């Protein structure tokens, strides 16, 4: 399941309305630790774990998964 690496990060914030899910690259076998966002049209975008918007976006996605409303 860990068969890709991020070689660069995006340099712009993704609005959270475009975001569907995320995966973390923590493997020391990759050049750098990364966050991969999957967007609502299934694009996979590498992002810097140290930027606030990346951290805020994971928080927001986790809250949605945890409190769905019927």
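Residue numbers count along the first chain shown, from 1.
- When the modelled residues of the chain are ordered by C-alpha B-factor, residue 48 sits in the lowest third.
- When the modelled residues of the chain are ordered by their C-alpha B factor, residue 10 lands in the lowest third.
- When the modelled residues of the chain are ordered by their C-alpha B factor, residue 42 lands in the highest third.
- Among all modelled residues in this chain, the alpha-carbon of residue 19 has a temperature factor (C-alpha) in the highest third.
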